[PDB]
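One chain follows as structure tokens, the form solved without this ligand.
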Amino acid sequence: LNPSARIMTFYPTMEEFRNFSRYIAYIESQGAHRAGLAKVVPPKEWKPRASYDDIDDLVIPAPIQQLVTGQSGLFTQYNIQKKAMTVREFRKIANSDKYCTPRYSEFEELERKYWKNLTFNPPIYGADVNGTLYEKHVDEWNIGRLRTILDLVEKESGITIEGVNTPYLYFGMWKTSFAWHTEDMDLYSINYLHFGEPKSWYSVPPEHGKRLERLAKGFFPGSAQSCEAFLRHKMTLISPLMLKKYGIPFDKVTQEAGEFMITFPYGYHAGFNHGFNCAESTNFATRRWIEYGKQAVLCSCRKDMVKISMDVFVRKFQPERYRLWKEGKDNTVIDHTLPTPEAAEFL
């Protein structure tokens, strides 16, 4: 099943689209999780919002200017907090001559331009805006309420973690980047591209994630010494040519307006925006995640980074291991190829 761990694309019917959790289980039955990233194109008739012109009374509280330093396919991205702005201000900069999408023919050309120009003309990214663009009425794949076991954090312990159990909006322009990372606690993510230009993604299969970590640690021994999981800083950019040179297996895919991307536990990904767009994002879980959460290597160097108590998950969903786990004896080795238990119905 998917032996090259390539990114798969799915086209559910409206009937299939109703049960979020079941559909994640299904795409894992087909091997999607091996890639680390999958694309889901929703039914033609489904839309999460009637229109998107009413936008600008929405504030971007903390836009970030992305300064990139490096050379030879290896970069560090510094995020500089700017003053709050409207979508309107963002769009104007996005579409200005200095700071709009270059003319290009094929993706491959736009990609070359990205990697050639990523240290020049620092763009602004309207990242991490708390809020949703779904209407209250929309029940299918509603990023504001996906109803997975992740809900145990909010319902059992009361804690809300912005962008993790709540929706974030991202306003992109040309050449805004997301650095190589897995999700907080090695969770799943869902990303819906509401409108605008594409977002391009790179992915490294979870079964090869340790190999990328080794590579990263090799290139930045400074950061390795100061932090157990420096990639969680979301500052490290590494080009596909670099990955290819060091034999890291990876895939690429472009997400267009109206498509969902799913990332899987321990799926390293990175990418960039083609132009003005808006994405909405959140984290979520399945039972398979539990072991990943238990085994996640967290940032040890800056505090108020995202940590979830695994206790409630182990007790409830792995009752046979709860004791072994509490006394630190567990020792389960994760098999990255195994689909989530809920997929049994389809296997």
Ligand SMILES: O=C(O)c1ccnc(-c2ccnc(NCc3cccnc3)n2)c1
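The first residue of the shown sequence is 1; numbering continues from there.
Omitted from view is the form solved in complex with this ligand, to which the following refers.
The chain here is shown without this ligand. Which stretch in 209-217, 149-157, 93-101, 193-201 comes within 4.5 angstroms of it in the entry with it bound, by heavy atom distance?
Within 4.5 Å of the partner lies stretch 193-201.
Would you check, heavy atoms only and a 4.5 Å threshold, whether residue 253 touches this ligand in the entry with it bound?
Residue 253: no contact with this ligand in the entry with it bound.
Taking 4.5 angstroms as the cut-off for heavy atoms, does residue 163 touch this ligand in the entry with it bound?
The answer is yes: residue 163 has a heavy atom within 4.5 Å of this ligand.
May I ask you to state whether residue 134 is within 4.5 Å of this ligand in the entry with it bound, using heavy atom distances?
Flag for residue 134 set to no.
Wondering, does residue 75 line up within 4.5 Å of this ligand in the entry with it bound on heavy atoms?
No, no contact at 4.5 Å.
Given that this ligand is left out here, which of 266, 276, 125, 114 has a heavy atom within 4.5 Å of it in the entry with it bound?
Contact residue from the list: 125.
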